[PDB]
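These notes are about the structure you will find just below.
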Amino acid sequence: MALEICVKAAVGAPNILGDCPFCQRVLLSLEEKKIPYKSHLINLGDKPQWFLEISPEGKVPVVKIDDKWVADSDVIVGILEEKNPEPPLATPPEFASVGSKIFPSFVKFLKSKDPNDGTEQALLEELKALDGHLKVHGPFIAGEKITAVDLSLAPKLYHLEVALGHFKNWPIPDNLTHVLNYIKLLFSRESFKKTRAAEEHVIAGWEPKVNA
């Protein structure tokens, strides 16, 4: 019945959830569905036998779905939907195949301190396609509402918008009017605002590995 999470901690601050992608996918999905809920963080290397039984690295997010546990970026979502008693919508169609261009793209580019400028605009080209899908369909990326498509991509786009926004400043241009407008919703939907990671612990938490 009640379901929730054993996740990476914000590094150096074990109260807010961590800078991992799949961590916020499933947290967002459950708070958007507004279910009763269970578990809490794995506190940064504090790994008793309970978490070593649950999480495969001892430091990887999982879902605790009615006391069964799974952990890979899609598996964590799809089985969570299947075993949720509230009606799920586990549908990744064309909107997700466009999303599969964008997801590794913006992660690589925020991580990249290349001469990335023409290639930053190659992410803009893939976002221009995404801009096209909402301006034809109306609502959120999956065409009618937040489904598994939006729930997969939006959590790591929050990590984009805090990290790239502070380290290597590139705001979303307003010519990509969809992408800017709906990211504004993602920053403050009641579910997303509650499940957001700490800004400082993505910025000074994910990039020091990228630096040194």
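Starting from 1 in every chain, residues are counted up; chains themselves are A, B, ... following the order of the structure tokens, and ligands are numbered from 1 as listed.
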Set the distance at 9 Å and use only C-alpha atoms: which residues neighbour residue 45 in chain A once local chain neighbours fewer than 3 positions away are removed? I'd like the list as a VMD selection string.
chain A and resid 42 58 to 59
Give me, as JSON, numbers by chain, the residues of range 154-202 of chain A that a backbone DSSP run labels alpha helix (DSSP H).
{"A": [154, 155, 156, 157, 158, 159, 160, 161, 162, 163, 164, 165, 166, 167, 177, 178, 179, 180, 181, 182, 183, 184, 185, 186, 187, 190, 191, 192, 193, 194, 195, 200, 201, 202]}
Distance table requested - range 12-95 of chain A against range 193-210 of chain A, cut-off 12 Å, only C-alpha atoms: one row per qualifying residue with the closest atom pair and its distance in Å to one decimal, ordered by chain and rising residue number, as a tab-separated table.
residue	atom	partner	partner_atom	distance
A:12	CA	A:201	CA	8.2
A:13	CA	A:201	CA	8.2
A:14	CA	A:201	CA	10.6
A:15	CA	A:198	CA	9.9
A:16	CA	A:197	CA	6.6
A:17	CA	A:197	CA	5.7
A:18	CA	A:197	CA	6.1
A:19	CA	A:202	CA	5.2
A:20	CA	A:206	CA	8.5
A:21	CA	A:197	CA	10.2
A:22	CA	A:197	CA	11.9
A:23	CA	A:197	CA	9.3
A:24	CA	A:195	CA	6.9
A:25	CA	A:195	CA	9.5
A:26	CA	A:195	CA	9.7
A:27	CA	A:195	CA	6.3
A:28	CA	A:195	CA	6.0
A:29	CA	A:195	CA	9.6
A:30	CA	A:195	CA	9.6
A:31	CA	A:195	CA	7.5
A:32	CA	A:195	CA	9.6
A:34	CA	A:194	CA	11.4
Please, could you write that set of residues out with N, CA, C and O atoms as a CSV table (one decimal), in the first residue's frame?
chain,number,residue,atom,x,y,z
A,12,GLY,N,27.1,15.6,2.2
A,12,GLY,CA,27.5,16.5,3.3
A,12,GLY,C,26.3,17.1,4.1
A,12,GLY,O,26.5,17.9,5.0
A,13,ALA,N,25.1,16.7,3.7
A,13,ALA,CA,23.9,17.2,4.3
A,13,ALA,C,22.7,16.1,4.2
A,13,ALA,O,21.9,16.2,3.3
A,14,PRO,N,22.8,15.0,5.0
A,14,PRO,CA,21.8,13.9,5.0
A,14,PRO,C,20.4,14.2,5.5
A,14,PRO,O,19.9,13.4,6.3
A,15,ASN,N,19.8,15.2,4.9
A,15,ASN,CA,18.4,15.5,5.2
A,15,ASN,C,17.6,15.7,3.9
A,15,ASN,O,16.4,15.2,3.8
A,16,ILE,N,18.2,16.3,2.9
A,16,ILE,CA,17.6,16.4,1.6
A,16,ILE,C,18.1,15.3,0.7
A,16,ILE,O,19.3,14.9,0.8
A,17,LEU,N,17.2,14.8,-0.1
A,17,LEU,CA,17.5,13.8,-1.1
A,17,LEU,C,18.6,14.2,-2.1
A,17,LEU,O,18.9,15.4,-2.4
A,18,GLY,N,19.4,13.2,-2.7
A,18,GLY,CA,20.5,13.5,-3.4
A,18,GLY,C,20.4,13.8,-4.9
A,18,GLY,O,19.4,13.7,-5.6
A,19,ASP,N,21.6,14.1,-5.5
A,19,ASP,CA,21.8,14.5,-6.9
A,19,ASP,C,21.8,13.4,-7.9
A,19,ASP,O,22.4,13.6,-9.0
A,20,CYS,N,21.0,12.4,-7.7
A,20,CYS,CA,21.0,11.2,-8.6
A,20,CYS,C,19.7,11.3,-9.6
A,20,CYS,O,18.7,11.8,-9.1
A,21,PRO,N,19.8,10.8,-10.8
A,21,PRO,CA,18.7,11.0,-11.7
A,21,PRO,C,17.4,10.3,-11.3
A,21,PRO,O,16.3,10.8,-11.3
A,22,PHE,N,17.6,9.0,-11.1
A,22,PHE,CA,16.4,8.1,-10.9
A,22,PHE,C,15.8,8.4,-9.5
A,22,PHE,O,14.7,8.1,-9.4
A,23,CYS,N,16.6,9.0,-8.6
A,23,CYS,CA,16.1,9.3,-7.3
A,23,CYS,C,14.9,10.2,-7.4
A,23,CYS,O,13.8,9.9,-6.9
A,24,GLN,N,15.0,11.3,-8.2
A,24,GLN,CA,13.8,12.2,-8.3
A,24,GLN,C,12.8,11.7,-9.3
A,24,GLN,O,11.7,12.2,-9.2
A,25,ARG,N,13.1,10.7,-10.1
A,25,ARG,CA,12.0,10.2,-11.0
A,25,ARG,C,10.9,9.6,-10.2
A,25,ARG,O,9.7,9.9,-10.4
A,26,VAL,N,11.3,8.7,-9.3
A,26,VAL,CA,10.3,8.0,-8.6
A,26,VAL,C,9.7,8.8,-7.4
A,26,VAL,O,8.5,8.7,-7.2
A,27,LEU,N,10.5,9.7,-6.8
A,27,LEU,CA,9.9,10.6,-5.8
A,27,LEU,C,8.9,11.4,-6.4
A,27,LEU,O,7.8,11.6,-5.9
A,28,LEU,N,9.1,12.0,-7.6
A,28,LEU,CA,8.2,12.9,-8.3
A,28,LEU,C,6.9,12.1,-8.6
A,28,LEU,O,5.8,12.6,-8.5
A,29,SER,N,7.1,10.9,-9.1
A,29,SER,CA,5.9,10.1,-9.5
A,29,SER,C,5.0,9.8,-8.4
A,29,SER,O,3.8,9.8,-8.5
A,30,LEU,N,5.6,9.6,-7.2
A,30,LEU,CA,4.7,9.2,-6.0
A,30,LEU,C,4.1,10.5,-5.4
A,30,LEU,O,2.9,10.4,-5.1
A,31,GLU,N,4.8,11.6,-5.4
A,31,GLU,CA,4.2,12.8,-4.8
A,31,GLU,C,3.1,13.4,-5.8
A,31,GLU,O,2.1,14.0,-5.4
A,32,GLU,N,3.3,13.2,-7.1
A,32,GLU,CA,2.4,13.6,-8.1
A,32,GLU,C,1.1,12.8,-8.0
A,32,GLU,O,0.0,13.2,-8.2
A,34,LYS,N,0.2,11.5,-5.1
A,34,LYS,CA,-0.2,11.8,-3.7
A,34,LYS,C,-0.6,10.6,-2.9
A,34,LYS,O,-1.7,10.5,-2.4
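Taking CA of residue 149 in chain A as the reference point, CA of residue 85 in chain A is found at 19.8 Å.
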Neighbouring residues of residue 161 in chain A were defined as those with any atom within 9 Å, considering only C-alpha atoms; residues of the same chain fewer than 2 positions away were excluded. Please report them as a PyMOL selection string.
chain A and resi 156-159+163-166+170-172+183
Which residues come within 10 Å of residue 71 in chain A, counting only C-alpha atoms, excluding same-chain residues fewer than 5 positions away, as a list in words?
residues 22, 23, 54, 55, 56, 57, 60, 61, 62, 63, 64, 76, 77 and 79 of chain A
How would the residues just chosen look if you wrote them out with N, CA, C and O atoms as an mmCIF file, in the first residue's frame?
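Output saved as out34.cif:
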data_model
loop_
_atom_site.group_PDB
_atom_site.id
_atom_site.type_symbol
_atom_site.label_atom_id
_atom_site.label_comp_id
_atom_site.auth_asym_id
_atom_site.auth_seq_id
_atom_site.Cartn_x
_atom_site.Cartn_y
_atom_site.Cartn_z
ATOM 1 N N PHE A 22 17.592 8.973 -11.093
ATOM 2 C CA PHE A 22 16.438 8.103 -10.891
ATOM 3 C C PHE A 22 15.824 8.355 -9.534
ATOM 4 O O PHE A 22 14.653 8.090 -9.358
ATOM 5 N N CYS A 23 16.589 8.951 -8.625
ATOM 6 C CA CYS A 23 16.089 9.315 -7.299
ATOM 7 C C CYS A 23 14.856 10.201 -7.440
ATOM 8 O O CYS A 23 13.778 9.881 -6.938
ATOM 9 N N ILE A 54 19.003 -4.275 0.444
ATOM 10 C CA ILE A 54 18.115 -3.514 -0.441
ATOM 11 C C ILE A 54 18.782 -2.946 -1.709
ATOM 12 O O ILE A 54 18.292 -3.201 -2.816
ATOM 13 N N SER A 55 19.862 -2.182 -1.583
ATOM 14 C CA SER A 55 20.460 -1.417 -2.692
ATOM 15 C C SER A 55 21.690 -2.118 -3.272
ATOM 16 O O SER A 55 22.565 -2.540 -2.505
ATOM 17 N N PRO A 56 21.832 -2.179 -4.613
ATOM 18 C CA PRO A 56 22.897 -3.060 -5.115
ATOM 19 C C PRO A 56 24.326 -2.560 -4.938
ATOM 20 O O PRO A 56 25.257 -3.371 -4.888
ATOM 21 N N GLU A 57 24.515 -1.247 -4.834
ATOM 22 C CA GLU A 57 25.843 -0.664 -4.600
ATOM 23 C C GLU A 57 25.942 -0.202 -3.148
ATOM 24 O O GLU A 57 26.967 0.299 -2.724
ATOM 25 N N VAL A 60 22.906 3.383 -4.129
ATOM 26 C CA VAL A 60 22.103 3.599 -5.350
ATOM 27 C C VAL A 60 20.625 3.699 -4.956
ATOM 28 O O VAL A 60 20.174 2.924 -4.105
ATOM 29 N N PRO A 61 19.875 4.668 -5.523
ATOM 30 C CA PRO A 61 18.439 4.719 -5.224
ATOM 31 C C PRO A 61 17.682 3.458 -5.582
ATOM 32 O O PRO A 61 18.014 2.789 -6.551
ATOM 33 N N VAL A 62 16.631 3.173 -4.832
ATOM 34 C CA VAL A 62 15.750 2.039 -5.112
ATOM 35 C C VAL A 62 14.324 2.546 -4.942
ATOM 36 O O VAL A 62 14.128 3.608 -4.340
ATOM 37 N N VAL A 63 13.330 1.767 -5.340
ATOM 38 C CA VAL A 63 11.984 1.922 -4.781
ATOM 39 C C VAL A 63 11.777 0.786 -3.797
ATOM 40 O O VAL A 63 12.206 -0.335 -4.053
ATOM 41 N N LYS A 64 11.112 1.058 -2.679
ATOM 42 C CA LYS A 64 10.636 0.006 -1.779
ATOM 43 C C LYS A 64 9.147 -0.095 -2.056
ATOM 44 O O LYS A 64 8.317 0.638 -1.514
ATOM 45 N N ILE A 76 13.164 1.045 -12.140
ATOM 46 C CA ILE A 76 12.729 1.714 -10.915
ATOM 47 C C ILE A 76 11.367 2.389 -11.151
ATOM 48 O O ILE A 76 10.556 2.470 -10.240
ATOM 49 N N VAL A 77 11.092 2.817 -12.383
ATOM 50 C CA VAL A 77 9.837 3.489 -12.747
ATOM 51 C C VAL A 77 8.757 2.489 -13.158
ATOM 52 O O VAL A 77 7.611 2.568 -12.715
ATOM 53 N N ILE A 79 8.205 -0.782 -12.805
ATOM 54 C CA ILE A 79 7.648 -1.731 -11.846
ATOM 55 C C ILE A 79 6.932 -0.940 -10.749
ATOM 56 O O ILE A 79 5.908 -1.381 -10.225
#
So how many Å separate CA of residue 84 in chain A and CA of residue 192 in chain A, to one decimal?
19.1 Å
